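S.K.: I would like the atomic coordinates for the input below:
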Amino acid sequence: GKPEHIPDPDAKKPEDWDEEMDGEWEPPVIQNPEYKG
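M.R.: Numbers count the residues shown, from 1 in each chain. The relevant structure is shown in the block below.
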């Protein structure tokens, strides 16, 4: 149905990120409001 946790689309690449240092940014997640499995 859904996973244990759900991703964050509302987060963004930090305004102070270093793409040339870390490369790929990845968002946080959210506790799933309806984790069933």
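
S.K.: contacting residues around stretch 9-20?
M.R.: With Cβ atoms under 8 Å, 6 or more residues apart in numbering as the test, stretch 9-20 has contacts from 25, 27, 28. From N, CA and C alone the C-beta is placed, and that goes for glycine too.

S.K.: Next, the contact list for the last one, please.
M.R.: Shown in contact with residue 28 (Cβ under 8 Å, 6+ apart): 7, 8, 11.

S.K.: measure it to residue 5 for me?
M.R.: Separation of residue 28 from residue 5 (Cβ to Cβ, to the nearest Å) stands at 10 Å.

S.K.: now the second one
M.R.: Residue 27 sits at a distance of 12 Å from residue 5 (criterion: Cβ to Cβ).

S.K.: try residue 19
M.R.: Residue 19 sits 25 Å away from residue 5, going by Cβ to Cβ.

S.K.: out of the two, which sits in the busier spot?
M.R.: Taking neighbours as other Cβ atoms under 10 Å, residue 19 and residue 5 compare with residue 5 leading, 12 against 9.

S.K.: what's around the spatially closest residue to the more buried one that is not a sequence neighbour, how many residues?
M.R.: With sequence-adjacent residues excluded and distances taken as Cβ to Cβ, 6 or more residues apart in numbering, residue 5 is closest to residue 29, at 4.6 Å. A count of neighbours around residue 29, defined by other Cβ under 10 Å, yields 13.

S.K.: which residues does residue 5 contact?
M.R.: Going by Cβ under 8 Å, 6+ apart, residue 5 touches 29, 30, 31, 32, 35.

S.K.: Mind checking which of those residues land in strands?
M.R.: Members of those lying in strands (criterion: DSSP state E): 29, 30, 31.

S.K.: Put together CSV for those residues, with distance to residue 15 on each row.
M.R.: Formatted as CSV, the ones in strands among the contacts of residue 5 follow (distance: Cβ to Cβ, whole Å):
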residue, distance to residue 15
29, 20
30, 21
31, 25
